[PDB]
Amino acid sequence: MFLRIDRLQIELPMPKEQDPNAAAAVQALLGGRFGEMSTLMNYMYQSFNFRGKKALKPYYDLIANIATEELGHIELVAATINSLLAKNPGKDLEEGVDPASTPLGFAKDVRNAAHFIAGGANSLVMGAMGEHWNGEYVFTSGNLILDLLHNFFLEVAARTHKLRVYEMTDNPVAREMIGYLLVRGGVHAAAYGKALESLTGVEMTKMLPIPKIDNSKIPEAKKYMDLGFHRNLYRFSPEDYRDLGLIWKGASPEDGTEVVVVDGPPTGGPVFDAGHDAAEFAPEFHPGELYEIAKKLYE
């Protein structure tokens, strides 16, 4: 079972302007083959399907816990996309939009028209080409070593996509999110590498980083490393998955320092609200009446 906390894993800066094509590129990190939907659903199904949950408990705890962190990653990437598509962030009411004045004319010429037609200028479950995420992006073989090898590859392939998207947009909301997730992805790759070392004797973490560029060369990632976040494996559970530290110990591949298990989630930051976009009819064309109904429910 799961619980939800109404906070993003980090504070994101507010967007300054809409950037549809940047949002279309960041979609690769949500619903593309190596996006956060893929890391999430791989680890989630592997955790359900895991055989030997007590006999191999440290490895089960690792996969089950990292799966839970990835729920917050899809949330963070979606918030970033929604920030890049928000017309009036934090504003509950915009008046005077006339459909006959062609208020979505700009959207005719952007890469991803579905953001504006199918979504209400919001994230969709797709990648950078409009390809919808699909369940064949999940690998759940039941064999522990094979699944772990897959997962090590998955995290470094996902890092490669993150780096390429970082190089396509200078938007600060996108770059803050990518910088943070580069650091978290390094933790995941190191954790799966340490798991493989323990089972096979092969020094998988010595292969990192892939590609051969250090996270410290990305300014936003370096800030999170200076805060220690490459050391931290957070235990996203009230009482379970306590044997993480049997695998998550020893040196960080980033800088040789000792890694730690943090009990509990980070404090994080506020959730994002894109505000009213009348031309998208979101949350309504004119939501004044709905706001009144909601206020009356409290009375």
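Position 1 is the first residue in the sequence shown; the rest follow in order.
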{"query": "Given 107-115 and 196-204, the range whose Cα B-factors average higher in the PDB entry", "finding": "196-204"}
{"query": "Between the two ranges 239-247 and 24-32, the one averaging a larger CA B factor in the entry", "finding": "239-247"}
{"query": "Top residue by Cα temperature factor, when 38, 46, 65, 257 are compared in the entry", "finding": "257"}
{"query": "Selection from 274, 271, 55, 233 [criterion: highest C-alpha temperature factor in the record]", "finding": "55"}
{"query": "Position of residue 214 among the chain's modelled residues by C-alpha B-factor, lowest, middle or highest third", "finding": "highest"}
{"query": "Cα B factor band for residue 89 (lowest, middle or highest third within the chain)", "finding": "highest"}
{"query": "Chain third (lowest, middle, highest) by recorded CA B-factor, residue given as residue 263", "finding": "highest"}
{"query": "Assigned third (lowest, middle, highest) for the C-alpha B factor of residue 97", "finding": "highest"}
{"query": "CA B-factor placement of residue 223, once the chain's modelled residues are sorted into thirds", "finding": "highest"}
